[PDB]
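Along the sequence shown, residues carry numbers from 1.
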Amino acid sequence: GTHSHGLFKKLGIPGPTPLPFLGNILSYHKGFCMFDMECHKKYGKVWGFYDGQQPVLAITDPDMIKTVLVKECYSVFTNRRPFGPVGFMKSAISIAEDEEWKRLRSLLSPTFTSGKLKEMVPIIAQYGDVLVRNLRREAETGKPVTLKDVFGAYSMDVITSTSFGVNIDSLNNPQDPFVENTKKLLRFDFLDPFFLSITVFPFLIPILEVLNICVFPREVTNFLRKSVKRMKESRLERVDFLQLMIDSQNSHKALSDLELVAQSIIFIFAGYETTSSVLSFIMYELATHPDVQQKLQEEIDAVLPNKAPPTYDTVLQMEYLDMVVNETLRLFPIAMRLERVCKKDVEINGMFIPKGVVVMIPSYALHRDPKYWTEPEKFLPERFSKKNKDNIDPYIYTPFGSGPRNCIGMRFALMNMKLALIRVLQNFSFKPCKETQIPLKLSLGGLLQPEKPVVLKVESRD
Ligand code: HEM
Ligand SMILES: CC(=O)[C@H]1CC[C@H]2[C@@H]3CCC4=CC(=O)CC[C@]4(C)[C@H]3CC[C@]12C
């Protein structure tokens, strides 16, 4: 079982020595992120490894990265690594490929313009208020609060309302069937037995498609499909993603009906647990660095006096806030990696890359690389002080990727998280208990998350 295993020794590329059938996956005991640093540390600029039989080429040079992510994105590095039995979700933009990806992407971009984002701020700012009362209510009771729980509820509230115009406080209405289903849409752990099996036996993926076994829980997708077509149905009696999409069905185009339901499902999958994880990582950093939390609270109260409500304009005004957000994303880029399938023999910047190879950018590692980042391990928001910008390479730092296929939901996710932080920090402060793990521990699994969940105390500023 060493078919594609000769490739990198042939081209003269360095790397860890692959076992038959398994390749290098046994090196994943430490998790993706620490496998990526070790390889960087030990082979340097470039290296090669095998996910089962699948050869993966890591690159860390910013010029090489740009060529891949930007310059030719369209005729060579268009698609992501196929990853599992996927059924109708093959039409979701993050999963679609080549020409149909390109069609969806430009059908869906107008939905993410800045105009639309502003129509949406009074809708998401509403759940900023909701989150606050939920927070005071169980902070004036004492004591430890689980962030992932309060920020998950907030992330859900904001998705349900901007995706579908469904307005519920999910923390307190925990069983609207709409809360129950959408909550099951978590990010995939690719070190789970199921995905490691799939990686070693990818010839099994088609078999699973046949039995209609899918990585998106068929019971949840059923629910949303029936939900959506009913929403479209009883709407022929503003503003939300569903609506913007229903409109771009009225004149590549003819954004399909089922194509629409797929995008709706995938927007949830993309924004729900991502947004809640980052908010947790940030609020963890703010509790462990009162320096920074105090400075932010002071910045907020100068832009928004008398606990005044955040607007779009006052949000972009706050550059210490922006500093904290980015410095958190550096330390914890929850994507971990960026990947493109190389779909033709190509020659980029002097390195020959044979057709079929997965080219991989180790985002977690580059964000912690001693060259570009002084004291890489410490939470230092001053890195992003507008002084030191332009000392920041947009290809080293890539928490939302880069190029035509970057995070289409970026400015939304950024605006979402900031409005949440502001409303929270206008009202509360967050101290570390010692149910709190200090310092933080990342998971040995395939998701960038804390080992044990983050718990803190929440004091009302009154
Ligand atoms: C803090 C929250 C988020 C982070 C850190 C994040 C990060 C990322 C990253 C790294 C990628 C891959 C980009 C690449 O391959 O270069 C991505 C893709 C994507 N994200 Fe986000 N994301 C977040 C939230 C969201 C939200 C809220 C949405 C939608 C509402 C969203 C929708 C997408 C979509 C649709 C793609 C694939 C786009 C395509 O393939 O054309 N993400 N995200
Ligand atoms: C947590 C996670 O990544 C999810 C995504 C796809 C999910 C799997 C999908 C297929 C599946 C079918 C089963 O009957 C057992 C559970 C499993 C094996 C699921 C376990 C949890 C997985 C691995």
Using 30° and 60° as the class limits, which term best fits the ring planes of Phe49 and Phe35: parallel, tilted or perpendicular?
perpendicular
With a 6.0 Å cut-off on ring centres, are [X] and [Y] close enough?
X      : Y      : result
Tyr397 : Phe384 : yes
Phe269 : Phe216 : yes
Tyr127 : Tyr154 : no
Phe32  : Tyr364 : no
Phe332 : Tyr284 : no

Taken in chain and number order and not counting sequence neighbours, the residues that satisfy side-chain contact (heavy atoms from CB on, under 4.5 Å) with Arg461 are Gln297, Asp301, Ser429
side-chain contact (heavy atoms from CB on, under 4.5 Å) filter on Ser385, not counting sequence neighbours, yields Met323, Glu382, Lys387, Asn388
Determine yes or no for a side-chain-to-main-chain donor-acceptor pair under 3.5 angstrom, with [X] supplying the side chain and [Y] the backbone.
X      : Y      : result
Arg340 : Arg80  : no
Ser402 : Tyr395 : no
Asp240 : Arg238 : yes
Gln293 : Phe430 : yes
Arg368 : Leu331 : yes
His40  : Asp36  : no
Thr199 : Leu196 : no
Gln263 : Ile93  : yes
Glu97  : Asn79  : no
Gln175 : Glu180 : no

Check [Y] with [X], please: is the shortest side-chain N to carboxylate O separation under 4.0 Å?
X      : Y      : result
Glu339 : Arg81  : yes
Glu298 : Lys295 : no
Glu459 : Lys431 : yes

| field | Exceeds 12 heavy-atom contacts within 6.0 angstrom, atom NZ of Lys143 | value | no
Can you establish whether the number of heavy atoms outside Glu375 located under 6.0 Å from its atom CD is more than 12?
-> no
Is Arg218 close enough and on-axis enough to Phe88, meaning under 6.0 Å and within 45°, for cation-pi? no
Between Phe267 and the options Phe112, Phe412, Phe164, the ring pair (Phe, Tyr, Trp, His ring centres under 6.0 Å) test singles out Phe112
Result for side-chain contact (heavy atoms from CB on, under 4.5 Å) between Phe223 and one of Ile265, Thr182, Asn181, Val228 points to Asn181
Requested in this report: For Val455 and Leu147, run side chain to side chain contact (heavy atoms under 4.5 Å, CB included): C-alpha distance rounded to whole Å, both residues' side-chain angles, the deciding distance at 0.1 Å, then the answer.
Outcome: CA-CA 6 Å; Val455 287; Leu147 299 194; over 6 Å; no
